[PDB]
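Everything below concerns the one structure shown next.
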Number of protein chains: 2
Amino acid sequence: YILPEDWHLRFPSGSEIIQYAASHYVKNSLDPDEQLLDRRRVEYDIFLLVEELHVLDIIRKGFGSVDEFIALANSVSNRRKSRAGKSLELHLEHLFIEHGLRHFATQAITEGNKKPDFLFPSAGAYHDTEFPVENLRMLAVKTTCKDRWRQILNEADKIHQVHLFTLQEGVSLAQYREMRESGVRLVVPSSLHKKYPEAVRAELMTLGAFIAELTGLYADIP
Amino acid sequence: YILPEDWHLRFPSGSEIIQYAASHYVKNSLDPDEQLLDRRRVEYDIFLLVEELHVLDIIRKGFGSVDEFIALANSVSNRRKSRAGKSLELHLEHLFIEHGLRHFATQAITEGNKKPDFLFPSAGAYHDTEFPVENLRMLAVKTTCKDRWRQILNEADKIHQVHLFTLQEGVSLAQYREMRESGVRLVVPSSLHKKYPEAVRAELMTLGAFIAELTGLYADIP
DNA sequence: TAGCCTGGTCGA
DNA sequence: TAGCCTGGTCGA
C-alpha cells in the first residue's frame with residue numbers, strides 16, 4: 001500500500017486511516033450497502049498492516065510471564081474494539097452526506113444524558129415542540145450487538161421506534177423478538193441478511209432503504 | 001497450593017475452583033463484605049495458577065503472526081471475563097445462604113425474557129398477585145459496570161427500585177446520577193466505598209446492610 | 001447461544 | 001472518563 005510517513009511511529013486516528021483509505025476504494029458499486037462493506041474491508045486491511053508494524057516485533061520475542069502477555073493482549077484487543085466502533089460511525093456519516101442525507105446530528109444532546117450516534121433530522125427539530133414526533137428518527141450503531149444492544153434503549157425518550165444498525169452475522173430469533181418488543185428496528189447491510197433467521201429476514205432494513213425513507217421524510221426541510 | 005489431580009489437564013468449572021478454594025479461606029472475619037473480598041482474592045490466586053499451567057508454555061515460545069497471537073490473546077482474555085462474572089454470582093449465593101438469607105431465586109423467570117441474577121423473596125412471590133410489590137427485590141451483579149450497567153434495567157418490569165451489586169473502583173458522579181434516575185441502587189463492599197466520589201458514598205449500600213434489610217423484610221415468610 | 005466482562009484504547 | 005466491542009469462553 002505504502003503508508004504515510006509518520007504512521008510507523010505515531011498510530012493514526014480513525015479519520016486519518018479512512019482519509020487515506022478513501023484514495024484506495026474499489027469504485028463504484030453505487031449501492032450504499034455495497035459501499036460500506038467495501039470501505040470497511042479496505043480500511044481494515046490497512047489497519048491490519050499498521051497494527052503489525054507496532055506489534056509483530058514484540059509478538060515474536062515471547063513473554064516471560066502471564067502478566068506481561070496479558071497486558072499487551074488486552075491493549076491490542078482493546079485497540080481493535082475502540083477503533084472498530086468509531087470506524088462504522090464514520091463510514092455511515094460519510095455515506096449519509098454522499099447519498100443526499102444532509103439532515104442528521106452527530107453529537108446531538110437529547111435529554112441531557114445519553115447521546116445517540118445519529119439523530120434525525122435535527123437536534124433542533126427534536127426539541128422543537130411543534131415538529132411531528134413520529135417524523136423523528138434515531139440511529140444507534142453497533143458493529144456487533146450480542147448482549148450490548150440493550151444499552152441503546154432510552155437514548156431518546158421522545159422516540160419509541162428506534163433504529164439499530166449492525167454488522168452482526170445473524171441475530172437469534174429469540175433475541176430479535178426482544179428487540180421488536182423494546183421498539184428496536186434492525187438496519188443491516190443487504191449482503192448480511194442471509195445470516196439472519198428466515199423469520200427475521202422479512203423485517204430487516206438495508207442501508208439503502210433507510211437513506212431513501214429518511215431522504216423523502218425530510219425533503220421538505222431546508 | 002497443590003491442586004486436584006486432573007486440573008493440569010481439564011480446566012475446572014467455576015463451582016469446582018470455589019469448592020476447592022473454600023478449604024483455603026482465611027477465617028473468619030464474619031462480616032459479609034470482608035468475606036466476599038477475601039474469598040474472591042483466594043479464588044483468583046488459585047485461578048492464576050491453573051491458567052499458568054495451560055498457557056505459560058505457549059506464552060514463551062512466541063507467535064509467528066498477529067492472527068496467531070490474537071486468537072489466544074482473545075481466548076485467554078475471554079476466559080477471564082466469563083469466569084470472573086460467574087465467580088461473583090456464586091460467592092454471593094453462598095454468602096446469602098450462610099448469613100440467613102434463604103429467600104432468593106437464582107434462575108428466576110420474570111416476564112419470560114430477561115432473567116435477573118437474584119430475585120427476592122421468590123419466583124412465586126413475584127408472580128403472586130397479592131404479594132406487596134414494594135416488598136419485591138432484585139439484584140443484578142456486575143464485577144465492573146462501565147457502559148454495561150444499562151443492560152440490567154427492565155429485567156423486572158414489576159420492580160422499579162432495582163439493586164446493582166458491583167466491585168468497580170468508583171463510579172463517576174455523572175454516571176451515578178443516571179443510575180439513580182433509572183431507579184438503580186448500588187450495593188458495594190464496604191472497603192471499596194472510598195473509591196467512589198464523596199457525594200455518592202452516602203447512598204451506597206454494603207453487602208451486610210443488603211442482607212440485613214432483606215432478612216428482616218422476609219422473616220415472616222416460611 | 002445468552003450472559004459474562006479478574007477491561008484498555010480512543011476522542012469528546 | 002464515556003463509549004467503543006474488527007469478541008471467545010462458560011454453563012443453562
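Below, each value reflects all heavy atoms present in this structure, side chains not excepted, and no hydrogens, waters or symmetry copies. Labels below follow one simple rule: chain letters A, B, ... track the order of the sequence lines, proteins then strands, and each chain is numbered from 1.
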Does any non-hydrogen side-chain atom of A:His91 lie less than 4.5 Å from one of A:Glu43?
yes
Go through the side-chain N and O atoms of B:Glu203 and B:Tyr176 and say whether any donor and acceptor fall under 3.5 Å apart.
yes
Can you see if the side chain of B:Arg80 gets near the phosphate of C:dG7 - specifically, an N or O under 4.0 Å from OP1 or OP2?
yes
Look at the side chain of B:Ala174 and decide which nucleotide, out of C:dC4, D:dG8, D:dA2, has an atom nearest to it.
D:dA2
Any base atoms under 4.0 Å from B:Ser77, or only sugar-phosphate, or nothing? Heavy atoms, all strands.
nothing
Any idea which of C:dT6, D:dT1, D:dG3 is nearest the B:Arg40 side chain?
C:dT6
5'-most by nearest nucleotide on DNA chain D - A:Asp147 or B:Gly14:
A:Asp147
Any luck finding a side-chain donor-acceptor pair between A:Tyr126 and A:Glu111 under 3.5 Å?
yes
For B:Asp38 and C:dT6, what is the distance between atoms CG and P respectively, to the nearest whole Å?
20 Å
Could you tell me how far apart B:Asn78 (CG) and C:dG8 (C1') are, to the nearest whole angstrom?
14 Å
Residue A:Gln175, side-chain atoms from C-beta onward, closest of C:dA2, C:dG8, C:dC10
C:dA2
Locate the shortest heavy-atom distance separating B:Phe118 from B:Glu93; write the atom from each residue and the value.
CZ-N, 3.9 Å
Is the phosphate of C:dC5 approached by B:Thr143 (side-chain N or O, under 4.0 Å from OP1 or OP2)?
yes
Ranking D:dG8, D:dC4, C:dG8 by distance to the side chain of A:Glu89, first place goes to D:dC4
If you compare every side-chain N and O of A:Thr144 against the phosphate oxygens of D:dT6 (OP1, OP2), does one of them come in below 4.0 Å?
yes
Check the distance between D:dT9's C1' and A:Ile70's CD1 and give it to me in whole angstrom.
13 Å
Between atom CD of A:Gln175 and atom CG of B:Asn113, what is the distance when rounded to the nearest 0.5 Å?
9.5 Å
Of the options D:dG7, C:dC5, C:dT9, whose atoms approach the side-chain atoms of B:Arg148 most closely?
C:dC5
Could you work out which one of C:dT6, D:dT6, C:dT1 sits closest to the side chain of A:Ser87?
D:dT6
How close or far is atom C1' of C:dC5 from atom NZ of B:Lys142, stated in whole angstroms?
8 Å
Based on groove atoms of paired bases, is it major or minor where the side chain of A:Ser82 comes under 5.0 angstrom?
minor
Stems with DNA chain D, 3 or more Watson-Crick or G-U pairs in a row (under 3.5 Å), are none
Just compare C:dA12, D:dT9, D:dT6 and give me whichever is closest to any side-chain atom of A:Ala84.
D:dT6
Rounded to the Å, how far apart are B:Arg83 CZ and D:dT9 P?
11 Å
Rounded to the nearest Å, what distance is computed from the NZ atom of residue A:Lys114 to the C1' atom of nucleotide D:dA2?
8 Å
Tell me whether the side-chain N/O atoms of A:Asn74 come closer than 4.0 Å to OP1 or OP2 in C:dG7.
yes
Atom OH of A:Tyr44 and atom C1' of D:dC5: how far apart are they, to the nearest Å?
12 Å
Work out the sugar pucker of D:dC4 as north or south, treating a positive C1'-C2'-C3'-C4' as north.
north
Categorize B:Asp45 for me: base, sugar-phosphate, or nothing, with a 4.0 angstrom heavy-atom threshold over every strand shown.
nothing
